[PDB]
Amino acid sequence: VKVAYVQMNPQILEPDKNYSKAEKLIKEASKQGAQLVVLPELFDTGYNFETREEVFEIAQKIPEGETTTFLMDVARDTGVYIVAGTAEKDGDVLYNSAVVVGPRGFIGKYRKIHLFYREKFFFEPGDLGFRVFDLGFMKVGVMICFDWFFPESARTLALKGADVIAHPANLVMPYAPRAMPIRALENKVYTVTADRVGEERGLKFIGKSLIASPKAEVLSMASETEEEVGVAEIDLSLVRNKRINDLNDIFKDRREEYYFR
């Protein structure tokens, strides 16, 4: 099974530009055999807002707004499933969300649980929890950007049978590409972190989108500044069986009575 990230430079407040860019790159990941393609956090709107008004004005509803319908068009046309970061307008309120779409249309969304830094000024903290989406051929967990920092995010996803963690990101700190292999190891899952690149109103993002294996292998890593795709073949049986030797199964060996809440 093949999974991909799309690393791209969301132009802030310019969604038609970002659609065009994301279409190009999803098609690229598709041509390379990806059945799952993951885009950055807030790929449509960009990231570094000053006011809520400017993002809210343009943010789209899920699933009926322009970002999701665009992604559905693309999924329909390419036959891939897509996990993509999007500013989600929901009534009066904005979420930093990820939509999941497939060739049959809308699959689901995840709202960023752990808001980072100034996101707290613009976005409501996520309220849907950590969800795993069964695509039939695979179960896809989703978390966004800062979620990587809390091992609980990946853990919750993995415990819920995620084969792959899809991880739209707009990373500013340098730690995530290092931590992601450990998240993948400790849960015995695959992770696909799709980072954006670029400078936005003085803020630079890290690039370094990456795919990580359940043995903490980096199967694919992107540049710091270029828009690109990366793909990796993943072996589902490896992640579905949590044994790490004949006498230890990660999930069976967990002893939650001892884990502080």
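Residue numbers run from 1 along the displayed sequence.
Report the stretch with the higher mean CA temperature factor, choosing between 91-99 and 144-152 on the basis of the entry.
Averaging CA B-factors over each stretch, the winner is 91-99.
Comparing average C-alpha B factors as deposited, tell me which of 204-212 and 48-56 sits higher.
The stretch with the larger average C-alpha B-factor is 48-56.
Compare the C-alpha B factor of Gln35 with those of the other modelled residues in its chain, then answer lowest, middle or highest third.
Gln35: CA B-factor falls in the middle third of its chain.
Per the entry's values, where does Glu217 land by CA temperature factor relative to the rest of its chain, in the lowest, middle or highest third?
For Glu217, whose C-alpha B-factor we compare with every modelled residue in the chain, the answer is the middle third.
Quick check for you: using the entry's CA B-factors within this chain, is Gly85 in the lowest, middle or highest third?
For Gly85, the deposited C-alpha B-factor lands in the lowest third.
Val6, C-alpha B-factor rank within chain (lowest, middle or highest third)
It belongs to the lowest third of the chain when residues are ordered by C-alpha B-factor.
Within this chain, which third does the Cα B-factor at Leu42 fall in: lowest, middle or highest?
Lowest third, going by the recorded CA B-factors of the chain.
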